[PDB]
Every structure is written in C-alpha cells, then in structure tokens.
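The structure appears below as structure tokens.
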Amino acid sequence: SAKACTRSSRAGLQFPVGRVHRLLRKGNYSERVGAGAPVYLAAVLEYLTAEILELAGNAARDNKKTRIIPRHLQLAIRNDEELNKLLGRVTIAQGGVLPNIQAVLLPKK
Amino acid sequence: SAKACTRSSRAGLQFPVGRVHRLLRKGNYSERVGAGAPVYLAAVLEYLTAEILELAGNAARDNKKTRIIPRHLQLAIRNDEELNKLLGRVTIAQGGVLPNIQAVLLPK
Amino acid sequence: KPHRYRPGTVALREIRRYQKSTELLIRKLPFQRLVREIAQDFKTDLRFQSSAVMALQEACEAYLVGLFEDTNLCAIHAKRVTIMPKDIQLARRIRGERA
Amino acid sequence: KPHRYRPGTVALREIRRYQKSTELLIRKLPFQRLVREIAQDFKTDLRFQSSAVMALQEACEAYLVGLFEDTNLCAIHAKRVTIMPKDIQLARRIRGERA
Amino acid sequence: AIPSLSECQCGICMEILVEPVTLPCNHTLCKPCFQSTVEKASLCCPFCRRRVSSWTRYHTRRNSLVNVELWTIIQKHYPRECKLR
Amino acid sequence: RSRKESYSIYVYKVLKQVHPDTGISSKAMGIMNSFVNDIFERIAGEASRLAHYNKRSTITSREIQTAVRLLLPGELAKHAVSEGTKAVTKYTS
Amino acid sequence: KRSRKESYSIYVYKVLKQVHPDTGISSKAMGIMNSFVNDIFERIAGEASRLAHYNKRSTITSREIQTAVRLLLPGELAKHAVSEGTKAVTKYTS
Amino acid sequence: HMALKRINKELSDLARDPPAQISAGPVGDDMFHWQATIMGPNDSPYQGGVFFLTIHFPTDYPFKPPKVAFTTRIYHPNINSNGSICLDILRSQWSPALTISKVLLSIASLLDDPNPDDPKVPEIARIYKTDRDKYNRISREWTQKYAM
Amino acid sequence: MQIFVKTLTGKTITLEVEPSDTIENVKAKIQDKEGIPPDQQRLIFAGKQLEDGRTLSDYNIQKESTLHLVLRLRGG
Amino acid sequence: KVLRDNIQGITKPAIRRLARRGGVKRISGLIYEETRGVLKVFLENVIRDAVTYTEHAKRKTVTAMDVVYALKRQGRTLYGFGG
Amino acid sequence: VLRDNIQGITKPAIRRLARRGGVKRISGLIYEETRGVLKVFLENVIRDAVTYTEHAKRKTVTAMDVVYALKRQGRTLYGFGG
DNA sequence: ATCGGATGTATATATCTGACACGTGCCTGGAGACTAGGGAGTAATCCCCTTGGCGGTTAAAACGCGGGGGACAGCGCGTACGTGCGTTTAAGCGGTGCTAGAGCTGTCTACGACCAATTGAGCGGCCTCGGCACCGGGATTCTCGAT
DNA sequence: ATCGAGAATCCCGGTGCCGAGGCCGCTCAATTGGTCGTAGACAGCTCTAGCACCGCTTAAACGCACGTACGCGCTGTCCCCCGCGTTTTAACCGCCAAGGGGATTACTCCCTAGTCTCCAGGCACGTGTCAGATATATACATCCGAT
Ligand SMILES: [Zn+2]
Ligand SMILES: [Zn+2]
C-alpha cells in the first residue's frame, strides 16, 4: 500500500483495524499479535456482516418496508442454510419463528 | 502457617501448588495471578480426584479385583448422581456402558 | 340456524395468525412476580432491572416454543395429533435435559 | 426334534453379554481402510498414527451406541419393539444433528 | 460376645458414646465429634487417616451415619450414663 | 459520563454500501453489535487455542485463517478466507 | 534422550494410596485420570478468567476461582469443593 | 468450652501416670499455655542435657494442632536456631486422636535420631551427612555447654 | 563503639564492639545477649551481605553504624 | 413481603398460545401442569447463575448483562440485549 | 486409491452395536441408514482432524489432532492424551 | 356436485406522532518514528515408527430354510376437547413521590511482577515378581415341549 | 398351576506371562530474598431509576354447555426376521524389510513491544421530519349445509 492513508483505508475495508488490533492485544488471547491478523479478522467480520445485511434487506423489501427490524433478520438467518448452521443455537429477540405447518395436520382433501 | 517448607505442604495438599501457579501464570488466563488462587484450585482438583478414585476403588473391590481399570472408572462415574451430571459429554475410552434393559422388552 | 365452525379450522387459523406475529404471549406482571419470587427464594432483598426481566421472558418463551415444536413432532410420530405429557417427557429425555 | 429356542429369548442373552463386555465391536482392518478412504478425499498421501485410528474407532462406537439407545427409546414410544429407519431419523432430528 | 467397657469409650472426647458412627475402616466415634470434625479438619479417620468424603456425602443425605445396632446395645446395657448426658 | 464503544457506524456504512435506500432500526443495530462481538470472540478464542497448541506465542494471519476454516461451514468459510487473503494482500502493498 | 513430559501421575497415585491403602491402578485408567484433571483445571481456569475480565479486573484472586467452582459444579460437589478450598486457603495463610 | 474439659481431663491423665523422662504442666493462668521438660536420652550425644519448651494451644482443640517451641538452644538438624520445631506430626500429620503425651514421646524418639529426609537447616544437615564423628563432636561441644 | 542493629521485630539493639573485631566475635556477642544462634543471623549494611569470614575493619564500619538483621529460614 | 403459589400466573390460554405458535393443532388436558413444571425448572436454573454473577460483583441489583451471561454460559446464547 | 469400503461395516457389526445399545428386535432397513450416518460422522471428524494436521505443517495425523477435533465438536474423549 | 349466506382476511386512504437521520464540540485513543531483543525461520542429523509383504489358522462372515410372533389395516365406542357465549377480574396505562444504590473520583498502602543463586522434586531408564489371563474340570441355573 | 432333559453359565484350581511399582542417576525449575511501580480498597459525592401508590378502563380470563371426532382396545391377516446348520472368506498373529519424516539442535535475522509526541474519529448531545401504526371504509378468499 501507499502507507499514507488510514489503516482501514489502506486495506480497502470498512471495519476498523486499530480497534480490532487493540481488542486482540488487550483481550488476553496471546502474548504477541501479528501485524496482519487484525486486517484478516476485520475483513472476515465485514464480509459476514455484509452478507447478513444483504439478506435482511432483501427480506425487508419483499415485505414492503424500508427499515430492518429483528423480524427481517430472523427470516434472513432462518431461510438461509449456511447462516442457519452458523447461528443454530442463537435466539434472536423479538424475532419469532418461521411459518410452517406439518402435512398431517392439514385438512383432509 | 509457618514458612520454610514446600508450598504443597503448608496447605496440607498433595497436588503441586507451584506447578498449578506456573500453569495459571503462563496459561494466558490473566495478566496477574493472585497468591491464593493456586492453593484453592489445587485443593478443588485434589478433592475431585479423591472423590472419583474412592468410588472407582470401591467398584474394583466389588468386582473381586485389586487393580483399577477403565471399566471401574465408568461404573463409578455413571452410578453417581452428581459425577454423571458433571461428566455429561465425556466418553471414557474402553469404558463400556451401564447394564440396562427396558421393562417392555422383558418376557412375560 | 346459528353458524359455527367445525372443530379444527379455528386452531389452524390461530396457528397461522400467531406464527406470523412476534409479540410476547405471556402477561408481563405475573411473569415478573414469578421471577421475583424465585429470586427471593435464592437470595433475599434483590432488585431487578427491567431489561433483565424482559430478557428472561424472551428466553423462556423461545425455549417453550422449541419444546412444543419437538413435542408436536413426537406426537405426530406415534400416529396422533394431540400432544401428551409422555411426548414432552420423551423429547426432554432425547434432548439430554433430564436423562 | 432338535432343541430350538423361542424367537427373542437368545437376543436377550446377547444384550446381557455385550453390555458386560468392554471390547470393540467392529473389526479393525475394514474400519482402518474406511478411515483412510474418507481421509484421502481431503488431502492425498496422509499417514495415520495407530492411536488416531484407535481413538476414531472408540468415538464412532460410542456415538453409534448412543444413537441406538435413543432410537430404541423412540421405537418403544411408538408402541413397537422393532427399530426402523424413521425412528433413527426422528432421533437425529430431535437431537438437532441434521435439522 | 459382650463388648468390653474399655472399648466403648470415645477416643476423641473420652466420653460415653452417644449415637456413634462406624467408619468403613472399622473405627467408631461418637457423632458429636464426627459432625464437628468435617467442617474444619482433615475430614478423615482420626485414628486411621482414611478419606470418607464420598461416604460422608452419600450418607449425610440418607441420614444413615449412625450405627443403630451399636448405639442400641450400649444404650440398653448402660442407660445410666446415657441419661445424665 | 463514560464512552461506550460500538460497531454501529461501521455496520451503517456497510448497509449503505449494500442497500442505498433501506434503513435500520435500533433493535437490529443492537442485534448486529451482539452478533459481531460473538463472532469476534469465537474466532479469537479458536486462534488463541491453535497458537497455544503448537507451542507458539504469536497470532499471525494463518492462525486466523485456520480458525475461520474450522468455524464457518463450507461456502461461507471459503468466501471468508478468500476475502481475508485479498484484504491482507492489498494491505501489505 | 527425549525431552521431559510433565503429568499428574505421582500426585494421583498418592491420593489413591491415601484413599485405598492396598489398591493399584492400571496405566489406561491412569491416563484417563490425568486427562480428567487437565480438563477440570482448564474449565475452572477459563471460567475464572472470563469472570475476572467481565468486571474490569486484572487479577485472579481466590474469589474468582471460588465463584467459578460454584458455577461449574453441581449442587453438592460445589459446596464440598468450596469448603475444601476455603479450608486450604485458611490453613495456608496462617 | 469443650477445650477446657479436654485440657483438664488430659492434664489429669498426665498427672496420675506421667511417662518417664517427660514432664509437663501449665505455668500460666491460661490453660492454653503449657511448659514441658525433657531429659537427654542415654543413647544420644546429648548426655546430661535438660530441655525446656513451651506449648501454645489454639482456641479450638483438638481439631487444630498445638504449637511447640524449644526455649533452649540445641544443635539438631531438624530444629531451628530460634527454637522453631520442624516435626512431621505437627502440621501435615496432625490428628484429633493425638495427645500431648504422644507428641512429646515422638519428639523424644526423633531426638534419638534426626530425620535426614527434611532437615530444617541444610548446612548442619550436610555436615552430619559428611561424617558421623564430626557431627557427634560438634553436637557434644554445643550441648554440654548449652544444657548447663 | 556502640553499633545499632535493627531486627525484623523492630527492636534496636546496641552492641559494644571494636573495628578490629571479627564478625565471629560480633555473632558470639549477639548469641550471648539475645540467645539466638548465629547460623540464621547475619548483618546487612548498605545493601551488602556481611559474610562472617571478613572482619569489620574491611567494611569501613564507622561510629554508630546502622545494621539490618533478617532471619533466614530454609525449606524442609 | 413473600409470595406464595404464584406459578398460576402462567395460565391455560398462555400455554395454548405458546403451543399454537409452536405448531400444535390439538392439545391434551394434562399438558399445562407439565409445562408449568418445566418453566419453573428452567427459570430456577437461569436465575441461580444470574444471582451468582450479581453476587460475585458485590452488587445488589441483577442487570440484563448478568442474565445474558448466564444464558450464554448455559448454552442458549441471546442476541439484542448487549454483550 | 480405495473404493467401496463402506461395506466393511458388516451386518453382524451393526447387530452387535444395537445389542449393546439395548435393542431386542431389528428391522431390515436399519443397516443402510446406520452406514450413512456413520459415514457422515466420520467425514465430520476427519475434516477437522486433517485441518489441524495441515496447520502444523506436518503429514501424519496424530491422535492428539483427533482428540482436539472431538473436543471441539462437543464429544470430549478421555484416554488417548489431552 | 355448487349453490348462497356468512365470516374473516386482504386492501385503499387520511393522519400525526415519536423514533430515526443528521449536525456539532471535543477529547481520548489511534497514528508515526526509533531501539532493542527475543521468537521464529532455516539448515543439518538421528532413529522412531509407519508402510509394505508373506504364511497359516481359524474365528467370523455369507447363504439358505422353516416358521412363529409382531407390524399393520379395519371396526366400534364413549369420552375428552374444541367452540361459542355471558361474566368476573386483574392486567395495562397515566401520573407522582422518593430514596436505595449504581456510577464516578481522589488517596495510598500493600500485593504482586522481575532477577540471581541454588539445590532438591520429579523424570527417564531398569528390573523383577506378583496379579491377571487362560484352560480344564465340575456344579448351578434359565428354558421349553408335555404333561 | 408343574416334571425333566438339553443347554448356557458360574466356581474352583493349576500354570504361565508381562507390566507395574520400586530404585538410581540426573538436569532444570521452584524456592528464597530483595526491590519497585501500580491497582483496587476505601471514603466521599452525585443523581438514575426501581419501588410503591393511586385511579380508570376494557381486554383477557373463567365457567358452563353442546356436540363430535379420535384415542384406544379388539380382531384378523400375513410376511419377514430369528434361529440354526453348512460353506466360503479374510482377520489376525507373527515375522521380516525399508525408509519418511517427526523430533532435536545450532545459528541468525527481523518483527514487534515499548516509548514518547501529536492530532482527528467517533461519542454524547441536540434538533428536524417522515414511516409507519391507527382508524375507517370496500373488495375478495374461504368455510359450511345441501341439493
Ligand atoms: Zn467423642
Ligand atoms: Zn480408620
């Protein structure tokens, strides 16, 4: 890089790099922290947040809304498959449950 | 207590206080380790070890044996209400399973 | 002459209505009083933040909803549609909660 | 004329014998070959410590024994004695392994 | 056989045994000594040093620490010192 | 008063980068903050355990990469690893 | 010669002799006991560290370890372990 | 409380049959404070020696061990210069069934032969390990001019 | 020549010695006037250990010198 | 100011609504007592850890953070309340 | 290279495992499902083990890697190390 | 087979209110330059342990067949649960009053990190004898077809 | 209700084997002593908000009655695992041979923690405004008795 702009801008990211580095150092995770670890961690966090936010925005638009509410987040997480495994044990507050009814319980033809 | 002896003997314990202190300090748990923490931790570890070993030896003697084997350890662990709760997900290698047959399958 | 629905349709309508919404389903004051009673049983003279009560209520509701889902699956597995105490007991036993 | 036991009265003997025993119930070489074949997919020319194979076999047997316990419980709940694939499927669904 | 008068004395407080208990190592003490021993001593057999931690925890909830037969024998044979206690 | 750090501004920036029109409320902001903190803690803990297990004392990039490969499922892990490698390569020059 | 490898073998055997004065232990069960000791120690230390960091502290005194023991163990084991540890600390101090 | 009755009963026990070569009694008004006198054993380099030591009884007895300290100075590997006693039975081997008579008998038994496993002072310990004659001579030259 | 020594108990002890007197004589005086053998008793001056072999004159001990006394106990 | 027999606050319609959200079409008559027992057990388990956390801090009020930490320790992570 | 090794888990092996599990009567379709679930579990463990042994710049999958993977998945194993 | 109530759900429109989005002062934490020192990269070497291979021998696997017990479908019933309506009730909302206690700040005293010397606790290697494994014989006890 | 014969299991004694508990030599990490920067204990102050009280609604809960549909027990059918005997397959034990690489040690270099100095990124605080919830009034999907 040019070594002239801010650290977050040098790596072409949006999440902070200094804050992540400080959290890694003061978090009692290891005696030493490398110079490239916070950049990688910030990139991973930014990618995951972007994916979840994109899914939530699509869900909100499909529901005729303009503000991401917890219901949209729950729908986006549940309807996906990778994020469902990643967040299997997480309970989103004010989120509800996916709508489904078992086949047997439906009225007879 | 009086000084001028091993730290493991001042508190009356058998587990090594010094080794526990070194592991706590170099275990990346916290910046500073208190003086009383290793003694307390070693006492807890020794109590748990004795608690398991007594029941294991009791089972071994009940099985007409004078040498503890993993089967006796499994028998002692699974027959106690609290030790089973503590060691929930742990799988003891070559420990077998507790004898149990459902009452429905028994012949009438 | 009076019109009434056959038993079963109102249940399906209620299911469809409740799965769509996200509001709380237990009255706040009874739950708060129950939580206070349990806490005072544990330690005397305790004060509760409102957010703590809300978090406890949300967690309990989510856990009960999951338990009822598992119970419904167990009841369906045995050629039935009603949920019975043995279904809840079997679900809890398989989940490892009570062993 | 030759003596023949009733159906099911020797299976109980097998249950009593195998629950007392602590040895390994699967053969060694087939399991080792299966483990090597599974592992070679991720990376080529791996070499396996014998202790690793032993630990893998122990863990697999423990997991399968637990799964059979749970599926037998489900079968008993379904007012039957035999175990069927739907019992295993229900047990794994409730345990949350496959969702 | 009748127990000896020498043996029925408590080793710790040198008093007549009251609701005594028998350790797994065949060492008997009166319960007033045993109950006070556990909280702030080595929690073992005093004459013997045998750990009874699991035994004590298991028996305490069952409330079966006291030995009924031994207590009854001395209580019936020699009630006079039991009454003054 | 005492300052309380949060990832709110950065999450807002990402949202505006992805969906220029949609907004986000307070509850979703808190949920995003909790999710980011949870993922950070998970990855950092796994990386620390990996560093300790191999008799090391520093957390380089490869420990983070292996922790990501361990935690996330297939497609998510692959995409995250690619993104992290790209970010590190762009940063080092 | 290979390097030193540390373990809790001697102390576990000493505890076993203290508990049953005439019973030995096989090597497999010995390794099992060593692994159990390591697991419990790691659990308690990690919980204590997390609890200490949650209160903006920097030291792990006996209070944090005691609270971790209270949280990790069941109803009766926790009480007995707390009693043993308090006794040990009191005897060590004076 | 119970400690008072225990102390009274055991002082009676020592009264009606004191063991040979050992004497003990409470000099202070408090029953906790005690003094004891031991004469030099015949099979030892401490011939003609008399030793006075003090015993402090903690608040709770007998579940906690008592403390014993020699007022006199003796050249012994297990003893300290200031009189602090390093004996196994006191701290890690205390038991409620033990009595003062038994612990004094144990002190005499160790005065017969010092413990080489865990000496209190290392220099005199290694001097004793070096040669028996040097240790015996130095023990004599200390004890005959300190005992009297 | 009066010399002050302060022990771990805070007690100040005045000893009459000579510049040419060896530390062996000083230790004998301490054990006579206090009843503690000299094995565990050594002097500290200016942060330096006073070895028993070397005499006082080599340390340039002056009038009314201040000495520190610390009890050393060995493990076991 | 003690409270007696307050488990009845989780009335029958509340359990019915929770089951309806769960996906149950028909409910037996003995479900409610078992559900109340399960709820009591779960609440006791969570509140024990919450009270321990507030005890260690020498504090007299349980906060949302303590409940969140107790739930996270118990295995059921919660989102949206801080942490 | 190896192929078609899942058949090494013979029917008597599954039968004995069920007998230890406490099963009195077994249908005829259990074996295929059991083979499938065992294969899935083995893949899940082996992936983590191979990742662990790849991180350490090694070539032999030691038992410690398998123990670490099992502990990570939530199935702590006692006896082979740790 | 649909026909027509009759119900509930979906849909178009006014509105106004509190939460979301943006602007601003500033201060605490991030950024930049320089040193030193230890951790890690890299090269060379050992021998431990993993892979490959062959003979036998035998316990385990594969195959086939008779059949008895359990999976499964259909019938009948009566009892528990859904549905709706009138009534008693405690939740829900507003507004106020107050003090227990969370939160922030200044002092400083005692607990804990760092460094050298030292030697004894613990670890690696050997070894031998006793507890455990195996085999042969006999006594004991579930089990079932037939009474 | 049972007797008795075929078969599986448990007790007991004798013999042999290897691994586990004790012993010796030894290298390194725990102990002792001292010094010093700092953290958290403590006293003190502020001011947030959790608790208790009141009054007025009206939404949810409760009890009762009616009907109905389905959970359970019974009967019957059938077919498929179980148990046993016979044959074919490779697992396992033992043995030998080769070499890949895990583990160790020595050397050097450069990456990062630590330090100080400087400054701007975001954090708490304030204010404007419109997204959406609420209410009101139509339009259509859907459920039920019955020809
Ligand atoms: Zn007594
Ligand atoms: Zn005893």
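Each chain in the structure tokens gets a letter, A, B, ..., in the order shown, and its residues are numbered from 1; ligands are numbered from 1 in order too.
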Over every C-alpha pair, in sequence order, do a least-squares fit of chain D onto chain C and save the fitted chain as an mmCIF file with C-alpha atoms, in the first residue's frame.
```cif
data_model
loop_
_atom_site.group_PDB
_atom_site.id
_atom_site.type_symbol
_atom_site.label_atom_id
_atom_site.label_comp_id
_atom_site.auth_asym_id
_atom_site.auth_seq_id
_atom_site.Cartn_x
_atom_site.Cartn_y
_atom_site.Cartn_z
ATOM 1 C CA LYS D 1 -78.881 -22.383 13.383
ATOM 2 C CA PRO D 2 -76.077 -19.959 14.392
ATOM 3 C CA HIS D 3 -72.926 -20.487 12.357
ATOM 4 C CA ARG D 4 -70.373 -22.724 14.084
ATOM 5 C CA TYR D 5 -67.003 -23.725 12.663
ATOM 6 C CA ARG D 6 -65.927 -27.350 12.567
ATOM 7 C CA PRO D 7 -63.618 -28.502 15.386
ATOM 8 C CA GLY D 8 -60.061 -27.737 14.329
ATOM 9 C CA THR D 9 -60.640 -25.296 11.466
ATOM 10 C CA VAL D 10 -60.111 -22.216 13.659
ATOM 11 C CA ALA D 11 -57.052 -23.637 15.443
ATOM 12 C CA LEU D 12 -55.262 -23.500 12.089
ATOM 13 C CA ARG D 13 -56.182 -19.814 11.893
ATOM 14 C CA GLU D 14 -54.624 -19.301 15.327
ATOM 15 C CA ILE D 15 -51.459 -21.103 14.207
ATOM 16 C CA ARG D 16 -51.246 -18.925 11.097
ATOM 17 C CA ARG D 17 -51.813 -15.730 13.088
ATOM 18 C CA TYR D 18 -49.392 -16.388 15.943
ATOM 19 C CA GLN D 19 -46.562 -17.579 13.694
ATOM 20 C CA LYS D 20 -46.718 -14.298 11.762
ATOM 21 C CA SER D 21 -46.834 -12.179 14.924
ATOM 22 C CA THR D 22 -43.698 -11.346 16.907
ATOM 23 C CA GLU D 23 -45.117 -9.996 20.184
ATOM 24 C CA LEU D 24 -44.885 -11.647 23.600
ATOM 25 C CA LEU D 25 -47.437 -14.333 24.384
ATOM 26 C CA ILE D 26 -47.262 -14.364 28.201
ATOM 27 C CA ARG D 27 -48.534 -11.498 30.326
ATOM 28 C CA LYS D 28 -46.004 -9.176 31.936
ATOM 29 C CA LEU D 29 -46.949 -8.787 35.607
ATOM 30 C CA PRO D 30 -47.563 -12.500 36.397
ATOM 31 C CA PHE D 31 -44.215 -13.413 34.844
ATOM 32 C CA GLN D 32 -42.458 -10.621 36.742
ATOM 33 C CA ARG D 33 -43.975 -11.801 40.026
ATOM 34 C CA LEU D 34 -42.984 -15.398 39.270
ATOM 35 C CA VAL D 35 -39.408 -14.330 38.497
ATOM 36 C CA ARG D 36 -39.190 -12.312 41.715
ATOM 37 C CA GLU D 37 -40.564 -15.208 43.774
ATOM 38 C CA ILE D 38 -38.095 -17.652 42.213
ATOM 39 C CA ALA D 39 -35.159 -15.289 42.744
ATOM 40 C CA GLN D 40 -35.957 -14.392 46.358
ATOM 41 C CA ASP D 41 -35.282 -18.008 47.375
ATOM 42 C CA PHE D 42 -31.562 -17.762 46.581
ATOM 43 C CA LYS D 43 -31.049 -14.302 48.097
ATOM 44 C CA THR D 44 -33.307 -11.762 49.782
ATOM 45 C CA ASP D 45 -34.306 -8.205 48.787
ATOM 46 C CA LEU D 46 -33.002 -8.337 45.215
ATOM 47 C CA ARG D 47 -33.828 -5.517 42.812
ATOM 48 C CA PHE D 48 -34.404 -6.311 39.142
ATOM 49 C CA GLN D 49 -33.518 -4.209 36.135
ATOM 50 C CA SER D 50 -36.467 -4.173 33.745
ATOM 51 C CA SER D 51 -34.221 -5.275 30.877
ATOM 52 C CA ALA D 52 -33.299 -8.404 32.845
ATOM 53 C CA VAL D 53 -36.976 -9.327 33.214
ATOM 54 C CA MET D 54 -37.531 -8.652 29.512
ATOM 55 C CA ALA D 55 -34.611 -10.900 28.532
ATOM 56 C CA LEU D 56 -35.794 -13.656 30.870
ATOM 57 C CA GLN D 57 -39.271 -13.549 29.332
ATOM 58 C CA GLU D 58 -37.849 -13.675 25.800
ATOM 59 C CA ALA D 59 -35.624 -16.655 26.611
ATOM 60 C CA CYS D 60 -38.432 -18.537 28.364
ATOM 61 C CA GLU D 61 -40.827 -18.046 25.452
ATOM 62 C CA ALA D 62 -38.215 -19.182 22.931
ATOM 63 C CA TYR D 63 -37.429 -22.299 24.971
ATOM 64 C CA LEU D 64 -41.101 -23.207 25.387
ATOM 65 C CA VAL D 65 -41.791 -22.714 21.672
ATOM 66 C CA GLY D 66 -38.910 -25.028 20.789
ATOM 67 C CA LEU D 67 -40.086 -27.627 23.300
ATOM 68 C CA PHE D 68 -43.618 -27.538 21.878
ATOM 69 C CA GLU D 69 -42.231 -27.960 18.358
ATOM 70 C CA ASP D 70 -40.303 -31.060 19.428
ATOM 71 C CA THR D 71 -43.210 -32.560 21.370
ATOM 72 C CA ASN D 72 -45.573 -31.979 18.437
ATOM 73 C CA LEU D 73 -43.084 -33.824 16.237
ATOM 74 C CA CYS D 74 -43.069 -36.706 18.728
ATOM 75 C CA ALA D 75 -46.879 -36.767 18.791
ATOM 76 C CA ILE D 76 -46.978 -36.869 14.985
ATOM 77 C CA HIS D 77 -44.483 -39.741 15.087
ATOM 78 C CA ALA D 78 -46.786 -41.622 17.477
ATOM 79 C CA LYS D 79 -49.551 -41.583 14.802
ATOM 80 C CA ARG D 80 -51.608 -39.002 16.705
ATOM 81 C CA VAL D 81 -52.383 -35.299 16.553
ATOM 82 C CA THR D 82 -52.833 -34.406 20.242
ATOM 83 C CA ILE D 83 -49.825 -33.704 22.451
ATOM 84 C CA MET D 84 -49.614 -35.547 25.770
ATOM 85 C CA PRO D 85 -47.245 -35.331 28.755
ATOM 86 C CA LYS D 86 -45.406 -38.487 27.684
ATOM 87 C CA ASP D 87 -44.491 -36.739 24.420
ATOM 88 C CA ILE D 88 -42.866 -33.864 26.323
ATOM 89 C CA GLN D 89 -41.140 -36.340 28.637
ATOM 90 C CA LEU D 90 -39.703 -38.263 25.678
ATOM 91 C CA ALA D 91 -38.560 -35.063 23.961
ATOM 92 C CA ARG D 92 -36.764 -33.847 27.083
ATOM 93 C CA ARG D 93 -35.228 -37.288 27.658
ATOM 94 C CA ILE D 94 -33.855 -37.409 24.108
ATOM 95 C CA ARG D 95 -32.552 -33.838 24.295
ATOM 96 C CA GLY D 96 -30.647 -34.866 27.434
ATOM 97 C CA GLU D 97 -32.022 -32.110 29.664
ATOM 98 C CA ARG D 98 -33.308 -34.419 32.412
ATOM 99 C CA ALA D 99 -31.566 -37.727 31.557
#
```
Helix (DSSP H, G or I) per DSSP on the backbone: members of chain K, as an NGL selection string: :K and (6-8 or 11-21 or 30-55 or 63-73)
Report the closest atom pair, with its distance in Å rounded to one decimal, for each residue of chain B that has an atom no farther than 12 Å from chain C; count only C-alpha atoms, sort by chain and then rising residue number, and write it as CSV.
```
residue,atom,partner,partner_atom,distance
B:78,CA,C:99,CA,11.7
B:81,CA,C:99,CA,10.9
B:84,CA,C:99,CA,10.1
B:85,CA,C:99,CA,9.4
B:88,CA,C:96,CA,9.1
B:89,CA,C:96,CA,10.0
```
Within 7 Å of chain D: residues of chain K, using only C-alpha atoms, as a PyMOL selection string: chain K and resi 2+5-6+8-9+13+16-27+29-30+33+43+46+59-63+66+80
Residues of chain H in strand (DSSP E), written as a list in words: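 The strand (DSSP E) residues within chain H come out as residues 22, 23, 24, 25, 34, 35, 36, 37, 38, 39, 50, 51, 52, 53, 54, 55, 56, 67, 68, 69 and 70 of chain H.
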